[PDB]
Amino acid sequence: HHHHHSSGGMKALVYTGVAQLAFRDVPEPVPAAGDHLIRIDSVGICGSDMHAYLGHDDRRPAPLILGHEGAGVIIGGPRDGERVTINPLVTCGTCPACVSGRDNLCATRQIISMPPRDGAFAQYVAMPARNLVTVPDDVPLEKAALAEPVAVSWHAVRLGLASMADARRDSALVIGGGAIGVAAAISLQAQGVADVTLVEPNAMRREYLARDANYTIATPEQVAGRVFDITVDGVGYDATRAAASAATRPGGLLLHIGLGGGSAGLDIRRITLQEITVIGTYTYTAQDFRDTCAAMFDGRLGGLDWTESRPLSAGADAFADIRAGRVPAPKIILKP
Amino acid sequence: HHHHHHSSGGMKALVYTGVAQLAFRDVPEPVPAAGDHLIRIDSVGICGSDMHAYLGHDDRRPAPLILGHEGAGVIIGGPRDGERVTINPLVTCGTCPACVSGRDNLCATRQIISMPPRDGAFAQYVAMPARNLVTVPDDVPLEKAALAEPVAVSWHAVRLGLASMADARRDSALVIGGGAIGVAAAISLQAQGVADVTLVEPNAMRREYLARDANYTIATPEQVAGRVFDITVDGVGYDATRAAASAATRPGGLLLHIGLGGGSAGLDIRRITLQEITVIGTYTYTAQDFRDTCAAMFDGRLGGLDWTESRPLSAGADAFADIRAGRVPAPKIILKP
Ligand SMILES: [Zn+2]
Ligand SMILES: [Zn+2]
Ligand SMILES: [Zn+2]
Ligand SMILES: [Zn+2]
Ligand SMILES: [Zn+2]
């Protein structure tokens with residue numbers, strides 16, 4: 001088998017200062033004991049990358065490689081040339097959270113792009129075998145790199161549905177036209193809730209999404225005063241929490257994924273007098289990641305185009321375009 | 001030959017006439033509608049919603065109003081004359097989607113006794129539908145059976161919460177509040193198989209009263225500071241209690257919110273998110289929960305249910321004064337019409 005016994009450099013987009021991304025040479029990673037070297041084909045930009053880029057992220061400082069939405073090809077060893085998409089969350093397998101099958105809550109949970117783990121905004125990453133899912137030949141690595149953002153919302157929806165105190169699952173309202181919102185919308189339709197409305201103020205993304213949206217797309221005003229069995233706040237501001245509160249039917253589900261900001265917004269009185277199940281969600285179980293990949297690859301989660309690509313060398317420029325709010329697509333995929 | 005009230009004069013009721021004004025006066029006897037019973041009230045508990053209305057804080061409860069919704073008593077007239085009953089005060093339609101779903105506590109046209117248009121049970125008599133009445137066996141005092149409604153509130157929350165949890169880890173529970181809603185949560189948790197229950201109450205007089213018959217741990221907030229529990233129950237429902245329940249809930253655990261203190265913040269939203277806490281606000285009880293509560297009360301699964309002191313209805317105004325002045329060691333006063 002071909003090996004990397006000696007290494008040189010690889011290209012990476014490194015976060016060097018607030019709103020500053022430099023495309024430069026960094027050392028190629030050394031795989032640990034039971035780890036594979038992944039040549040990154042596609043790595044998507046996430047709300048956590050944006051948050052760390054604007055200097056808002058407390059835990060992600062200094063020089064740092066961001067990005068945790070990676071798909072690519074194993075280099076060297078008996079799985080050389082194998083096409084895989086990466087689960088970036090590494091879990092201890094032995095804490096109470098893991099043993100009940102809620103590894104998303106592991107006490108020592110690490111993600112790629114979260115020190116001490118470098119991010120996937122680079123030509124190569126080192127990853128344990130158990131964090132890799134094989135991508136069939138008929139699925140582009142560019143669609144497979146959506147595994148992680150889809151898996152966040154898939155986890156929310158599965159856990160939410162299973163947590164509901166009744167079987168009345170007719171209506172869902174997803175708040176936010178970002179990647180989280182779309183993932184929630186397509187997860188809700190794949191998991192058997194057909195009547196899904198996504199609500200988004202931005203006319204541009206409404207048109208983008210309406211291309212191949214199997215679910216209803218609307219503006220806040222077209223759903224004013226309506227109530228739904230299920231609400232998904234994919235944005236997570238006070239305003240969006242307030243909106244989700246008002247739009248959840250009595251006995252209904254309010255899923256809170258987005259991490260916008262604020263410590264309020266929930267109508268405590270409505271949630272008590274109308275008995276609303278409110279569930280905050282974090283990432284996904286390893287089994288959710290695998291289920292998500294399975295549902296993508298067999299076509300249950302729609303066309304998965306809601307993407308535009310850019311070279312890693314143009315990463316910085318791509319961040320500016322999201323900031324200025326001029327990306328019609330809800331996801332930018334970088335190409336090392 | 002069944003006894004009847006074909007003619008009626010007045011009865012005694014304790015009437016909310018204005019802010020902090022309770023007037024023990026003559027009011028009309030209620031005339032039961034078609035499929036309803038007249039109940040002569042033996043025992044009626046004072047709730048937080050009564051004190052809220054008495055202080056002028058309730059927009060839905062102005063004018064002259066008879067408060068109270070925690071009643072037990074005797075059927076008067078007809079074939080059930082003399083039957084001891086405890087009253088489910090929440091009247092539900094039985095045919096709306098919530099009712100058909102089995103969640104009749106969320107009935108779209110739900111009415112509760114003490115919320116207009118339905119007069120409360122702070123009176124010698126109430127009129128209630130037969131489906132809202134649970135028979136009390138002679139070995140259960142009406143003073144203990146009048147706890148059914150406040151115990152059904154927490155029993156319902158506990159059952160809903162346990163059923164809704166995302167994992168089968170129910171080892172430990174914190175109850176915040178040594179009021180009736182808190183004591184009811186602690187006993188309901190133990191009867192539903194969470195053995196390890198800690199109730200937290202800052203007031204020493206209340207803790208001491210609760211220690212008479214506590215099968216759960218009674219403690220100060222400081223004695224549990226920094227600990228996390230599978231299950232937290234906010235039986236108070238201020239911002240401070242919502243914060244304390246947020247902090248004390250373990251990742252993936254359950255935070256039940258029952259209290260109606262006030263405020264619309266306190267919940268640590270970013271921890272509920274990052275640590276995936278299931279947060280459930282709860283309202284009253286299903287008709288089935290109320291029946292289930294009564295059954296467990298009557299067979300002794302919910303402890304001695306002796307955590308009450310009683311006052312004649314004629315002294316209701318003094319009783320309200322005592323509660324307001326933090327003068328009441330017991331977590332429940334039962335008024336005696
Ligand atoms: Zn992501
Ligand atoms: Zn673990
Ligand atoms: Zn009550
Ligand atoms: Zn109904
Ligand atoms: Zn007194």
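In the text below, chain A, chain B and the rest are named by the order of the sequence lines, each starting its count at 1.
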Point-to-point distance, once rounded to the nearest 0.5 Å, from OG1 of A:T197 to CD1 of A:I175: 11.0 Å
side-chain hydrogen bond (donor to acceptor under 3.5 Å, both in side chains) involving A:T281 - partner list, sequence neighbours excluded: none
Contact check, side chains of A:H155 and A:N104, non-hydrogen atoms, under 4.5 Å: yes
Test log, rule salt bridge (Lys or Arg N to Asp or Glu O under 4.0 Å), inputs B:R271 and B:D268: CA-CA 6 Å; B:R271 170 182 182 86; B:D268 184 328; 5.9 Å; no
Quiz item: cation-pi between A:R109 and A:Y282, 6.0 Å / 45°: yes
Inter- and intrachain pairs under side chain to side chain donor-acceptor pair (under 3.5 Å), touching residues 212-229 of chain A, at least two apart: A:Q189-A:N214, A:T219-A:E221, A:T219-A:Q222, A:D229-A:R249
From OG (B:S154) to CD1 (B:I258), nearest 0.5 Å: 4.0 Å
Rounded distance (nearest 0.5 Å) linking atom CG of A:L161 with atom CG of A:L188: 6.5 Å
side-chain hydrogen bond (donor to acceptor under 3.5 Å, both in side chains) partners of A:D291, counting only residues at least two apart: A:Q287
Pair B:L267-B:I272, side-chain contact (heavy atoms from CB on, under 4.5 Å): steps then yes or no: CA-CA 8 Å; B:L267 285 168; B:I272 283 147; 3.9 Å; yes
B:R270, CZ: over 12 other non-hydrogen atoms inside 6.0 angstrom: no
Rounded distance [0.5 Å steps], CD in A:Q191 versus CD1 in A:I230: 9.5 Å
Worked check of side-chain contact (heavy atoms from CB on, under 4.5 Å) between B:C96 and B:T109: CA-CA 8 Å; B:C96 75; B:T109 58; over 6 Å; no
Side chains of B:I277 and B:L254 in contact at under 4.5 Å (non-hydrogen atoms): no
Sidechain N-carboxylate O distance under 4.0 Å for A:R211, A:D305: no
Residues in salt bridge (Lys or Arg N to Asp or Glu O under 4.0 Å) contact with B:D239, at least two apart in sequence or another chain: B:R242
Nearest-0.5 Å distance that lies between atom CG in A:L89 and atom CD in A:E148: 7.0 Å
With B:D104 via side-chain hydrogen bond (donor to acceptor under 3.5 Å, both in side chains) - residues at least two apart: none
Residue B:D59 excluded, over 12 heavy atoms near CG under 6.0 Å: no
Distance (rounded to the nearest 0.5 Å) between B:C47 SG and B:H69 NE2: 3.5 Å
Heavy-atom check, side chain of A:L301 versus side chain of A:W154, under 4.5 Å: yes
Derivation of the side-chain contact (heavy atoms from CB on, under 4.5 Å) call for B:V200 and B:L174: CA-CA 7 Å; B:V200 58; B:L174 177 67; 3.8 Å; yes
Side-chain H-bond candidate by donor/acceptor type, A:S163 with A:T277, under 3.5 Å: no
Candidate pair A:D298 and A:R300, rule salt bridge (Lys or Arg N to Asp or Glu O under 4.0 Å), full reasoning: CA-CA 6 Å; A:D298 60 27; A:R300 263 146 55 216; 2.6 Å; yes
Between B:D234 and B:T241: side-chain donor-acceptor atoms closer than 3.5 Å: yes
For A:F228, all residues meeting ring pair (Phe, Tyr, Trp, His ring centres under 6.0 Å), sequence neighbours excluded: none
Where A:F289 and A:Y284 come nearest, the two heavy atoms and their spacing: CD1-CE1, 3.9 Å
Stepwise side-chain contact (heavy atoms from CB on, under 4.5 Å) check, B:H257 with A:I268: CA-CA 9 Å; B:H257 183 267; A:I268 310 298; 3.5 Å; yes
